[PDB]
């Protein structure tokens, strides 16, 4: 029931095209509001609110600190990038694709084809449905990209359809860990 008081700081390193373009951000929060901020595109602290003006001015008076922050894109961002490059930037985990039917309403027939794509990394994924070699773009609902919190992702891409005997449905998956599209078929 007592009041809470939170101090929260983030030091962000943003990488584009490997380490060719690197951006460094420092952010200071109290409770829910950002007050001070260092942006490598500026090279100085700036006040986000009037509450953070004393810290920005005082910090901008310390030349030794501004030089540390201005060099972070190299001494901090690019350094830490190379430390874990082998098991983060280059981490690759193949997807596990399975198809199984389901039902929109318990008392109705199987009118829902689920394409489960789980256990992959990174989060990038593209899934497509096909009826008899033609792509089905209408009637597709999905959970979206689900982060499992353990360096793996999953997603369900479902197709609302009435399967007819003889028809073949194909779930096609594209992921940076595989070269050619991955296909799984389901026959009625």
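Positions refer to the first chain, counted from 1.
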Of 129-137 and 39-47, which one has the bigger average CA B-factor?
129-137
120-128 versus 146-154: which one carries the higher mean Cα B factor per the record?
120-128
Grab the CA temperature factor for residue 173 from the record and place it in the lowest, middle or highest third of its chain.
middle
Ranking every modelled residue in this chain by its Cα temperature factor as given in the entry, which third contains residue 188?
highest
Ranked C-alpha temperature factor of residue 111 among modelled chain residues, by third:
highest
Rank-wise, by C-alpha B-factor, drop residue 78 into the lowest, middle or highest third of its chain.
lowest
Using the temperature factors of the C-alpha atoms in this entry, rank residue 68 within its chain: lowest, middle or highest third.
middle
